[PDB]
Every structure is written in C-alpha cells, then in structure tokens.
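In what follows, a structure is listed as structure tokens, so that the remarks can point back to it.
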Amino acid sequence: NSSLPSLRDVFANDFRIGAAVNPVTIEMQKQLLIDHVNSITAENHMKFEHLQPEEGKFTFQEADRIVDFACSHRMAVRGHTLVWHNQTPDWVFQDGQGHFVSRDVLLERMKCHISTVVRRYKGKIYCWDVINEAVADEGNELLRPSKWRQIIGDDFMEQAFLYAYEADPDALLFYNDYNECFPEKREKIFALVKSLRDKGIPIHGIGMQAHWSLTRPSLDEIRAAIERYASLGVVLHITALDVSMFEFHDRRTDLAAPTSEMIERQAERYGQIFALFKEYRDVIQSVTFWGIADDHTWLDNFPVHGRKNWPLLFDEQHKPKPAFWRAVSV
Ligand code: NA
C-alpha cells in the first residue's frame, strides 16, 4: 500500500469517501480505514435498539467509540439512523398494558429520542439519516407499513425532521432509502421529498443506499435518479454502496470464491459507477461503502444466510481488488 493511491485523496475534489463500521471492524480493518476514508458511519450502533434499548436507558458506549475513532483521525461522521421500521424496540410503540400508544405519546417518545441522541453528537456528526426506508418497496402505495406511520399518521416524517432540525439546526438531514434507482420507487421517493420540501420541512438531502448488483440498476437508471433527485435542490450522498456478486434471483450458496468473470465484471461496474459519480461531483458530496473489505459484509448473510459475498474494493486480506484500480483511475 505504500505506493497505493488513497481513496479519499483521489476523490478529494469530488466527494468524501466513507465506510460503515462497528467497534470490532474498526480494530480489524483499522489501517485500511486510516489510509483511505474521511467519513465514518455506524453500521448498527446508532440505530434505535442500540441507543435506547429500554425507555430512559441510553447505551451510547459503542457509538461513542466509533465517534472517538473518527474524530481522532479527522474523519467526518454520518448519523444512521433515527426513525426506521426496523431495529426499533417494541417498548417504543406500547403502553403499560402492552397496547399501542397514542399519536401524541409516540411523538413525545420520538422527540425525546431524537433530541437526546442528536444533541449528544452535535458538533461531531454533520448529517443524520432522519427517516430511513419509509417508501414502499413493492405495491402501488406510496408508503411502507410501519408502527410509526400507523400510530402517528403519514405526517410522522414531517415531525421527525422538525425535531431533528430543532436538536441541531446545523446538521444536514437526510431521507435515506434503497432500490432508489428503479423508476417506480424513484418517483415515489421524489414525490415524497418534493412534498416535504414544498411544505418547508427541513430535509436537506437524499441518501441513496446503493446496495447494487453487477447488473442492477443500469447506468442510465443511476444517471436518471441522480438528476431527478438533484432537481429538488437537495444534496446527495451515496450511503451504503456495495456491488453484490449475486443478482436478487441468484440464491446460490456453493460458491467458495467469485469467478474471474465476476471479478472482472465487478471491476468494470465499479469503474463505470465512479465515472458517473465523478461526472455529478457538483451534487454528490459523499460516497460511503457499507464496509470496506470483503472480510466483513452484511451481504454474507443477506439475503441468503450463511454464504459468502465479495462486494467491496478490498479483498479479505485487505489487498486492492481489480475494482479498486478501475475505481481510482476514473
Ligand atoms: Na461533490
């Protein structure tokens, strides 16, 4: 790596380069992070269940460790995530009798959580994914079902953004989602954010998770999504980038290693992706990978538990893959 280009330096005039981490991977991949990224995101430790597991019981230890690491290396930090239909404790929506709480009570709980968490990291975390995956991923409906929406109503997102803005008015607030480039969902996300912006709601950016495959979404779809979202006047962050070696329909579990064809196509794919991102450097301000090296990736167990995937720029031995070279030479 002595002669190896540094990702953050290569893209210094285009966008920050980040990685999702946890105390364990920070240790395991410490040198890679130190040499390549200038932004950090907590893979799981800043989610509701890991910050307030029980009402009134806040567990900031792991999150604090991640933030300390980032700050000691002058890396920015993205907060992920405040309001989501996943990884949120049941206590949040229930009362003493186990029955669902009212709209006003849930809003109080939402405001308290957001206020406590955001205020703790004010000045250290520059942006927050306030609402995560609220848009439906299937069907004709605009919104996905969730207890937040069920109890509060469809304006639960408006409230979440307002509470976060109040907690830290200097933070960039994001609506974050996946499958963001498929036309049907793109239009739903566009419509949603436009509606909020049209109401004066403090939403400053759209986070494109970019959990992509070798084939999907197409480069044209990515370009169209970038332009569509950028037209709203919001900042864009690619927040959880990875390029799976398996398409959604491919649920094989016998591959002990990727084929030369997979590795080659992945390299081309990453080169095309970054060439496109660089083209839109004026609207894209940060690109975060959901991890950094193939020795750790959530794709090893999702959507198929127990297999192995090789979705990032560095291999299991922390050595640059062909995708690395195409990515940095755009
Ligand atoms: Na930029």
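Start at 1 and go down the list; that is how both ligands and their atoms are numbered. If you read the sequence from its start, that first residue is 1, and numbering goes on from there. Any value given below was found using the heavy atoms of this structure, including those in side chains, with hydrogens, waters and symmetry copies removed.
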The Na ion (ligand 1) to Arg281: any N/O/S contact under 3.0 Å? yes

Which residue, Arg103, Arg149, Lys199, forms the side-chain hydrogen bond (donor to acceptor under 3.5 Å, both in side chains) with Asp155? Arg103

Proximal heteroatom of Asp14 relative to the Na ion (ligand 1) (N/O/S): O

At less than 3.0 Å, would any N/O/S atom of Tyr280, backbone or side chain, sit next to the Na ion (ligand 1)? no

Taking the six-membered ring for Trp and the full ring for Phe, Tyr or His, determine whether the centres of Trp128 and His80 are under 6.0 Å apart. no

Give the ring-plane orientation class for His36 versus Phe324, where under 30° counts as parallel, over 60° as perpendicular and anything between as tilted. perpendicular

Show, in sequence, the C-alpha distance, side-chain angles and deciding distance for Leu312 and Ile292, and conclude whether the side-chain contact (heavy atoms from CB on, under 4.5 Å) test is met. CA-CA 6 Å; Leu312 304 157; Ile292 190 168; 5.5 Å; no

Near the Na ion (ligand 1), is there an N/O/S atom from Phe15 that is less than 3.0 Å away? no

